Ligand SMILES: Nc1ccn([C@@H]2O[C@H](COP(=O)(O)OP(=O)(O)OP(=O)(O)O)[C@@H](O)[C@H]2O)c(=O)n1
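Given as structure tokens, the chain that follows is alone and in the form deposited without the ligand.
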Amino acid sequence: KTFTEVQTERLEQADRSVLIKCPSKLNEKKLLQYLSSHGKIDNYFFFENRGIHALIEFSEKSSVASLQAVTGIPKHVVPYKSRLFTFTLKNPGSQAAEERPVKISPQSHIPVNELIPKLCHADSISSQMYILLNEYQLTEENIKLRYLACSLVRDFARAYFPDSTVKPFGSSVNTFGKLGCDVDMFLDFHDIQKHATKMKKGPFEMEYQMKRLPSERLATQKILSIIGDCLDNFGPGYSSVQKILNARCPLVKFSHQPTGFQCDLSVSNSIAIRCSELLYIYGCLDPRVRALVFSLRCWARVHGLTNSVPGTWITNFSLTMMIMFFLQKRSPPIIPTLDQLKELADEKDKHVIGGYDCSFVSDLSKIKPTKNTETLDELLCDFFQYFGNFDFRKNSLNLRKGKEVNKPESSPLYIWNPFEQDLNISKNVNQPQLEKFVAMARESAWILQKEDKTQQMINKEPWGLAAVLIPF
């Protein structure tokens, strides 16, 4: 039910899953028939990534060890044994060419130039936005692949750090991730002995000889450094390992070839996890939330408002928060404020970080459904109108209050960090970039207000969402 319960279930399924690089001439039935001899298979799919790969989700974890028991070491290699397998035929020239294999599950979304025609063939702006959402959103197969990537990194980390867990956060889990997005991973340490340890009969407290480091930051940097070097030199399918240990949140970036994901590994950050669960709640509350976010992120990218590299540009996160604020301010609100979510929280949902109460309700059924019935056609235009006429000089965005309030500090765009006091999430944004955003918003509002959609359809020209998803 809850965000935490979804993560637990996803990780358990990943724990009994494996990846297989398939033979050039793949017979699906023969492969599955063989794998089923090691135990029942709950789920599986194929994907393309420099050849065909299969994700296999066994019903029982024991099946993994069963398969590993008949798997050999190639024959010079780093003999780290994993859940990455390569299957080939003994006598490849004695099997014929295969007629109709296999269904491929896409791990990327269609490019904008292919999307636009689909949008133009839609009946309304609402339908356009749902088409975009369906084309872009993470698939069940992609999600399974993301959790398996985390599970594999966990196993790699567990060689030196047996209590390691690796769990995804951000776009991979908050409902706003699009196909192709990075897998952001958090490493944490928790006792694998989940069972109830007795009262020991002896007199001693017993610990490992470990250096007590002055800061959590230094420990984090040393741990990530070793894991990074090990992935680089010893880990199968890990490439382009970049150590970015001196960043605000120390980080190791890498490309995971078996899955084709770009990944980012850091040590667990409690604030970042609260943020992911908050966005998950908002995304789950109403489908218009996700529809708006996906369309507006695409809009921002198309018009050069967002960028892949950090700088003076508004970030996708900042933009997403602006959208949440917009939705909080509808009459009636489409989503509750963070203070409203805090007040619905019981003792079990108490989360205090750095002295600041970051509590909010985890049970979605405790949130009264919105009575707002505005269509996406209205909301898209109104978003552009609202921020196109928003006084950014005088007002800041407070998502806890759901109100425009005086700016604590002078900054072009001030959006309050909802889990840290006196922090602006959009402090990076300069006046030029903010003015560009405003100009694009106003132009987009005008285009939607003035267009004759029926004639554009007849004239075979872009209309509605498509009209604002092309350069001006």
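Here, rigid core means the biggest group of C-alpha atoms that superpose within 1.5 Å across both forms. Throughout, we count residues from 1 along the sequence that is shown.
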**Q.** Which of 125 to 133 and 346 to 354 lies farther from this form in 4 other deposited structures of this protein, as RMS of C-alpha positions after a rigid core fit
**A.** 346 to 354
Q. So if we fit everything on the core, which stretch drifts more in 4 other deposited structures of this protein, 332 to 340 or 203 to 211, C-alphas only?
A. 203 to 211
Q. At least a third of the other compared entries leaving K194 unmodelled, is that the case?
A. yes
Q. Between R212 and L213, how many deposited residues lack coordinates (none, 1 to 3, 4 to 9, 10 or more)?
A. none
Q. Comparing 159 to 167 with 198 to 206, which has the greater mean CA B-factor as deposited?
A. 198 to 206
**Q.** Mean Cα B-factor comparison, 14 to 22 or 452 to 460, giving the higher one as deposited
**A.** 452 to 460
(Q) Quiz for you: based on the deposited Cα B-factor, which of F234, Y386, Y356, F87 is highest? (A) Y356
**Q.** C-alpha B-factor winner, where the candidates are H351, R290, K253, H256
**A.** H351
Q: Taking the values exactly as deposited, rank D191 by C-alpha B-factor within its chain and report the matching third: lowest, middle or highest.
A: highest
Q: Quick one: classify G402 as lowest, middle or highest third of the chain based on its Cα B-factor.
A: middle
**Q.** Record-listed C-alpha B factor of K75: chain third
**A.** highest
Q: Just say lowest, middle or highest third for the CA B-factor of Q107 relative to the other modelled residues in its chain.
A: middle
Q. Hey, what third does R154 fall into on Cα B-factor, ranked over its chain?
A. lowest
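Missing here is the form solved in complex with the ligand; even so, the following discussion is about that form.
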Q: Work out which of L67, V429, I425, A445 lies within 4.5 Å of the ligand in the entry with it bound, going by heavy atoms.
A: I425
Q | in the entry with it bound, the residue from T259, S171, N398, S151 that sits within 4.5 Å of the ligand by heavy atoms | A | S171
(Q) The chain here is shown without the ligand. Which stretch in 79 to 87, 135 to 143, 171 to 179, 105 to 113 comes within 4.5 angstroms of it in the entry with it bound, by heavy atom distance? (A) 171 to 179
Q. Using 4.5 Å between non-hydrogen atoms, is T337 touching the ligand in the entry with it bound?
A. no
(Q) Is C275 part of the interface with the ligand in the entry with it bound - any heavy atom within 4.5 Å? (A) yes
**Q.** in the entry with it bound, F317 touching the ligand (heavy atom, 4.5 Å)
**A.** yes
